[PDB]
$ cat entry08.json   # JSON, C-alpha atoms
[["chain", "number", "residue", "atom", "x", "y", "z"],
["A", 1, "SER", "CA", -108.16, -40.17, -244.95],
["A", 2, "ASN", "CA", -104.37, -40.32, -245.46],
["A", 3, "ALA", "CA", -104.66, -38.48, -248.81],
["A", 4, "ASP", "CA", -106.58, -35.58, -247.28],
["A", 5, "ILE", "CA", -104.51, -32.66, -246.11],
["A", 6, "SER", "CA", -104.61, -31.67, -242.46],
["A", 7, "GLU", "CA", -103.17, -28.92, -240.31],
["A", 8, "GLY", "CA", -99.95, -30.05, -238.62],
["A", 9, "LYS", "CA", -99.32, -32.61, -241.36],
["A", 10, "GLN", "CA", -98.72, -31.00, -244.78],
["A", 11, "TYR", "CA", -98.95, -27.40, -243.53],
["A", 12, "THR", "CA", -99.37, -25.23, -240.45],
["A", 13, "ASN", "CA", -101.41, -22.14, -239.67],
["A", 14, "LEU", "CA", -99.60, -18.87, -239.16],
["A", 15, "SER", "CA", -100.45, -17.72, -235.63],
["A", 16, "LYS", "CA", -100.92, -14.21, -237.02],
["A", 17, "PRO", "CA", -102.25, -14.21, -240.57],
["A", 18, "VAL", "CA", -101.04, -11.54, -242.96],
["A", 19, "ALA", "CA", -103.71, -9.44, -244.66],
["A", 20, "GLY", "CA", -103.33, -8.32, -248.26],
["A", 21, "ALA", "CA", -100.66, -10.94, -248.95],
["A", 22, "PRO", "CA", -99.90, -12.32, -252.38],
["A", 23, "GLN", "CA", -101.67, -15.67, -252.77],
["A", 24, "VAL", "CA", -98.40, -17.57, -252.88],
["A", 25, "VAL", "CA", -95.24, -16.20, -251.29],
["A", 26, "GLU", "CA", -92.02, -18.21, -251.66],
["A", 27, "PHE", "CA", -89.10, -17.42, -249.34],
["A", 28, "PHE", "CA", -85.58, -18.46, -250.24],
["A", 29, "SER", "CA", -81.89, -17.73, -249.92],
["A", 30, "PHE", "CA", -79.06, -18.13, -252.38],
["A", 31, "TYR", "CA", -77.12, -19.50, -249.36],
["A", 32, "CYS", "CA", -79.70, -22.24, -248.74],
["A", 33, "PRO", "CA", -78.85, -25.67, -250.29],
["A", 34, "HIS", "CA", -82.47, -26.90, -250.24],
["A", 35, "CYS", "CA", -83.46, -23.68, -252.01],
["A", 36, "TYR", "CA", -80.83, -24.40, -254.66],
["A", 37, "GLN", "CA", -82.39, -27.84, -255.18],
["A", 38, "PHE", "CA", -85.95, -26.51, -255.25],
["A", 39, "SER", "CA", -84.96, -24.09, -257.99],
["A", 40, "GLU", "CA", -82.32, -25.83, -260.11],
["A", 41, "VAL", "CA", -82.23, -29.58, -259.37],
["A", 42, "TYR", "CA", -85.72, -30.79, -258.48],
["A", 43, "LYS", "CA", -88.20, -28.35, -260.13],
["A", 44, "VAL", "CA", -90.27, -27.78, -256.97],
["A", 45, "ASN", "CA", -90.63, -24.06, -257.66],
["A", 46, "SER", "CA", -91.40, -24.44, -261.34],
["A", 47, "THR", "CA", -93.89, -27.23, -260.74],
["A", 48, "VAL", "CA", -95.71, -25.05, -258.23],
["A", 49, "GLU", "CA", -95.62, -22.01, -260.57],
["A", 50, "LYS", "CA", -96.77, -23.96, -263.63],
["A", 51, "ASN", "CA", -99.68, -25.63, -261.82],
["A", 52, "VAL", "CA", -101.33, -22.91, -259.75],
["A", 53, "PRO", "CA", -104.71, -21.78, -261.09],
["A", 54, "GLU", "CA", -104.67, -19.19, -263.85],
["A", 55, "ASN", "CA", -104.00, -15.68, -262.52],
["A", 56, "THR", "CA", -102.77, -16.71, -259.09],
["A", 57, "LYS", "CA", -100.67, -13.90, -257.65],
["A", 58, "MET", "CA", -97.21, -15.07, -256.70],
["A", 59, "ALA", "CA", -94.16, -13.57, -255.06],
["A", 60, "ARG", "CA", -90.65, -14.78, -254.49],
["A", 61, "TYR", "CA", -88.68, -13.11, -251.70],
["A", 62, "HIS", "CA", -85.07, -13.50, -250.64],
["A", 63, "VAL", "CA", -84.24, -13.53, -246.89],
["A", 64, "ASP", "CA", -81.42, -11.64, -245.18],
["A", 65, "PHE", "CA", -80.61, -13.96, -242.30],
["A", 66, "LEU", "CA", -78.29, -16.47, -243.95],
["A", 67, "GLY", "CA", -74.77, -15.83, -245.16],
["A", 68, "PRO", "CA", -72.16, -13.07, -244.87],
["A", 69, "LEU", "CA", -73.77, -11.18, -247.78],
["A", 70, "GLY", "CA", -77.37, -12.11, -246.95],
["A", 71, "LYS", "CA", -78.98, -8.68, -247.18],
["A", 72, "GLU", "CA", -76.77, -7.76, -250.12],
["A", 73, "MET", "CA", -78.10, -10.83, -251.93],
["A", 74, "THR", "CA", -81.63, -9.70, -251.08],
["A", 75, "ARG", "CA", -80.83, -6.47, -252.95],
["A", 76, "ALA", "CA", -79.28, -8.57, -255.75],
["A", 77, "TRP", "CA", -82.52, -10.48, -256.10],
["A", 78, "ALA", "CA", -84.45, -7.18, -256.19],
["A", 79, "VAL", "CA", -82.19, -6.05, -259.04],
["A", 80, "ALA", "CA", -82.79, -9.35, -260.85],
["A", 81, "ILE", "CA", -86.54, -8.82, -260.47],
["A", 82, "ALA", "CA", -86.32, -5.18, -261.54],
["A", 83, "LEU", "CA", -84.37, -6.00, -264.70],
["A", 84, "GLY", "CA", -86.32, -9.17, -265.51],
["A", 85, "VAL", "CA", -83.19, -11.31, -265.41],
["A", 86, "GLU", "CA", -84.15, -13.83, -262.70],
["A", 87, "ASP", "CA", -83.68, -16.97, -264.82],
["A", 88, "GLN", "CA", -80.58, -15.51, -266.46],
["A", 89, "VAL", "CA", -78.65, -14.91, -263.23],
["A", 90, "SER", "CA", -80.06, -17.34, -260.64],
["A", 91, "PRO", "CA", -77.97, -20.39, -261.61],
["A", 92, "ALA", "CA", -74.78, -18.32, -261.53],
["A", 93, "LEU", "CA", -75.69, -16.80, -258.15],
["A", 94, "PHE", "CA", -76.42, -20.20, -256.55],
["A", 95, "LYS", "CA", -73.22, -21.60, -258.05],
["A", 96, "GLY", "CA", -71.14, -18.64, -256.97],
["A", 97, "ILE", "CA", -72.39, -18.76, -253.41],
["A", 98, "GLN", "CA", -72.62, -22.49, -252.80],
["A", 99, "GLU", "CA", -70.36, -24.36, -255.22],
["A", 100, "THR", "CA", -67.34, -22.16, -256.06],
["A", 101, "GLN", "CA", -67.87, -19.91, -253.02],
["A", 102, "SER", "CA", -66.50, -17.11, -255.16],
["A", 103, "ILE", "CA", -69.12, -14.47, -254.34],
["A", 104, "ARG", "CA", -67.51, -12.71, -251.39],
["A", 105, "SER", "CA", -68.01, -8.97, -252.00],
["A", 106, "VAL", "CA", -70.60, -6.72, -253.59],
["A", 107, "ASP", "CA", -68.20, -6.41, -256.53],
["A", 108, "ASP", "CA", -68.39, -10.18, -257.04],
["A", 109, "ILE", "CA", -72.19, -9.93, -257.04],
["A", 110, "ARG", "CA", -72.05, -7.32, -259.78],
["A", 111, "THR", "CA", -69.46, -9.26, -261.74],
["A", 112, "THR", "CA", -71.65, -12.38, -261.54],
["A", 113, "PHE", "CA", -74.54, -10.49, -263.14],
["A", 114, "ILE", "CA", -72.22, -9.09, -265.80],
["A", 115, "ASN", "CA", -70.68, -12.49, -266.60],
["A", 116, "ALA", "CA", -74.19, -13.91, -267.03],
["A", 117, "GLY", "CA", -74.89, -11.32, -269.74],
["A", 118, "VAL", "CA", -76.63, -8.54, -267.84],
["A", 119, "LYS", "CA", -76.00, -4.99, -269.06],
["A", 120, "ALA", "CA", -73.63, -3.43, -266.56],
["A", 121, "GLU", "CA", -75.08, 0.07, -266.81],
["A", 122, "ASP", "CA", -78.58, -1.32, -266.12],
["A", 123, "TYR", "CA", -77.31, -3.03, -262.99],
["A", 124, "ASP", "CA", -75.57, 0.11, -261.75],
["A", 125, "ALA", "CA", -78.63, 2.29, -262.37],
["A", 126, "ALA", "CA", -81.02, -0.17, -260.70],
["A", 127, "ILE", "CA", -79.10, -1.14, -257.58],
["A", 128, "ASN", "CA", -80.07, 1.91, -255.46],
["A", 129, "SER", "CA", -83.20, 2.93, -257.45],
["A", 130, "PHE", "CA", -86.49, 3.45, -255.58],
["A", 131, "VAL", "CA", -88.02, 0.44, -257.32],
["A", 132, "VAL", "CA", -85.22, -1.83, -256.03],
["A", 133, "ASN", "CA", -85.22, -0.15, -252.62],
["A", 134, "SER", "CA", -88.92, -0.88, -252.30],
["A", 135, "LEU", "CA", -88.48, -4.48, -253.43],
["A", 136, "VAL", "CA", -85.84, -4.89, -250.71],
["A", 137, "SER", "CA", -88.10, -3.42, -248.02],
["A", 138, "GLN", "CA", -90.96, -5.56, -249.28],
["A", 139, "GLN", "CA", -88.89, -8.70, -248.89],
["A", 140, "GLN", "CA", -87.57, -7.73, -245.45],
["A", 141, "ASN", "CA", -91.00, -6.74, -244.19],
["A", 142, "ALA", "CA", -92.49, -10.01, -245.46],
["A", 143, "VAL", "CA", -89.89, -12.06, -243.53],
["A", 144, "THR", "CA", -90.95, -10.22, -240.37],
["A", 145, "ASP", "CA", -94.71, -10.23, -241.06],
["A", 146, "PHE", "CA", -94.79, -13.92, -242.04],
["A", 147, "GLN", "CA", -92.45, -14.82, -239.13],
["A", 148, "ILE", "CA", -90.04, -16.68, -241.40],
["A", 149, "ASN", "CA", -87.02, -18.12, -239.62],
["A", 150, "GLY", "CA", -86.02, -20.80, -242.10],
["A", 151, "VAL", "CA", -86.01, -21.46, -245.82],
["A", 152, "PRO", "CA", -87.20, -22.70, -248.17],
["A", 153, "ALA", "CA", -90.65, -21.61, -247.06],
["A", 154, "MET", "CA", -93.91, -21.03, -248.81],
["A", 155, "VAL", "CA", -97.00, -19.36, -247.42],
["A", 156, "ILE", "CA", -100.44, -19.45, -249.04],
["A", 157, "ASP", "CA", -103.01, -16.64, -248.72],
["A", 158, "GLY", "CA", -101.12, -15.14, -245.80],
["A", 159, "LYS", "CA", -102.34, -18.01, -243.64],
["A", 160, "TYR", "CA", -100.98, -21.46, -244.36],
["A", 161, "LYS", "CA", -97.33, -22.43, -244.25],
["A", 162, "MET", "CA", -96.05, -25.46, -246.19],
["A", 163, "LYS", "CA", -94.20, -28.18, -244.27],
["A", 164, "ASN", "CA", -91.18, -29.39, -246.23],
["A", 165, "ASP", "CA", -91.16, -32.51, -244.06],
["A", 166, "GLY", "CA", -94.88, -33.18, -244.40],
["A", 167, "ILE", "CA", -95.26, -34.18, -248.05],
["A", 168, "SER", "CA", -96.46, -37.65, -249.02],
["A", 169, "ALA", "CA", -93.97, -38.82, -251.58],
["A", 170, "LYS", "CA", -91.47, -41.56, -252.36],
["A", 171, "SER", "CA", -89.52, -39.90, -255.20],
["A", 172, "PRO", "CA", -88.51, -36.39, -256.23],
["A", 173, "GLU", "CA", -91.00, -36.47, -259.12],
["A", 174, "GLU", "CA", -93.75, -37.33, -256.62],
["A", 175, "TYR", "CA", -92.49, -34.75, -254.15],
["A", 176, "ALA", "CA", -92.66, -31.79, -256.54],
["A", 177, "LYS", "CA", -96.13, -32.79, -257.75],
["A", 178, "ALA", "CA", -97.45, -33.51, -254.22],
["A", 179, "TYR", "CA", -96.04, -30.23, -252.91],
["A", 180, "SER", "CA", -97.78, -28.43, -255.78],
["A", 181, "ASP", "CA", -101.07, -30.27, -255.19],
["A", 182, "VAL", "CA", -100.97, -29.20, -251.52],
["A", 183, "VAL", "CA", -100.33, -25.56, -252.44],
["A", 184, "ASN", "CA", -103.27, -25.72, -254.85],
["A", 185, "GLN", "CA", -105.60, -27.21, -252.26],
["A", 186, "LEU", "CA", -104.60, -24.54, -249.75],
["A", 187, "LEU", "CA", -105.31, -21.80, -252.34],
["A", 188, "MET", "CA", -108.87, -23.11, -252.52],
["A", 189, "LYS", "CA", -109.40, -22.97, -248.76]]

$ encode --input "entry08.json" --output "structure tokens"
Amino acid sequence: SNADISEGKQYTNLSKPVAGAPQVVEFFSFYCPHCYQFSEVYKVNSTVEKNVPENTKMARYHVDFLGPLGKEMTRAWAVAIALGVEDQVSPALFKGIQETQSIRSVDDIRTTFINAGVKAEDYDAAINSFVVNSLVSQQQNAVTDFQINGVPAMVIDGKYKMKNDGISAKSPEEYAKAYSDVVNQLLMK
């Protein structure tokens, strides 16, 4: 029926599935306006995260391929993950990149973390640590392995890619819920 999900409509199959993938992988960029909305305006990410089945394994990876500081912002995200300051710094990073366009050097990245309340010494220790280095490689390798060439993207069980343009919805409230319901149905496939 119309309500049922179908390949080519709400999602597509990856031509080459990824083994050993987290159950839900989100791909984004701080340079990506739709990503900014998914995170800070319309609650798409949080609705998905709040409504997956208990103990679903999730990942959120930044991509390198947008923006003059793309790969530097991938490392920034790794630092945010490593320090547990994702919610603390994400609004400031989106705003700095997209609204004030005041994040132009790696010093500005650091200063944005600091102005958001992050301990400066923790940032400086983490930025080239092995744990951050590995988070960066993990993100970069996932973009390649999952064949991601645009964001926002979300892939379920290494196999099924959401279609941002394939959701049945008439309002943002419906969109976030419908997107989440599709993710959840794909997790059960």

$ closest_residue --input "entry08.json" --among "A:31, A:21, A:41, A:4" --to "residue 71 (chain A)" --atoms "only C-alpha atoms"
A:31

$ closest_residue --input "entry08.json" --among "A:88, A:178, A:39, A:33" --to "residue 119 (chain A)" --atoms "all atoms listed in the file"
A:88

$ atom_distance --input "entry08.json" --atom1 "CA of residue 151 (chain A)" --atom2 "CA of residue 20 (chain A)"
21.9 Å

$ closest_residue --input "entry08.json" --among "A:52, A:110, A:6, A:84" --to "residue 96 (chain A)" --atoms "only C-alpha atoms"
A:110

$ closest_residue --input "entry08.json" --among "A:126, A:30, A:60, A:73" --to "residue 91 (chain A)" --atoms "only C-alpha atoms"
A:30

$ residues_around --input "entry08.json" --residues "residue 47 (chain A)" --least-positions-apart "3" --cutoff "7 Å" --atoms "all atoms listed in the file" --output "ChimeraX atom specification"
/A:43-44,50-51,176-177,180

$ atom_distance --input "entry08.json" --atom1 "CA of residue 89 (chain A)" --atom2 "CA of residue 62 (chain A)"
14.2 Å

$ closest_residue --input "entry08.json" --among "A:123, A:38, A:146, A:130" --to "residue 80 (chain A)" --atoms "all atoms listed in the file"
A:123

$ closest_residue --input "entry08.json" --among "A:61, A:94, A:77, A:179" --to "residue 141 (chain A)" --atoms "only C-alpha atoms"
A:61

$ residues_around --input "entry08.json" --residues "residue 10 (chain A)" --least-positions-apart "6" --cutoff "9 Å" --atoms "only C-alpha atoms" --output "PyMOL selection string"
chain A and resi 161-168+179+182

$ atom_distance --input "entry08.json" --atom1 "CA of residue 129 (chain A)" --atom2 "CA of residue 29 (chain A)"
22.0 Å

$ residues_around --input "entry08.json" --residues "residue 24 (chain A)" --least-positions-apart "3" --cutoff "10 Å" --atoms "all atoms listed in the file" --output "NGL selection string"
:A and (21 or 27 or 48-49 or 52 or 56-60 or 154-158 or 160-161 or 183-184 or 186-187)
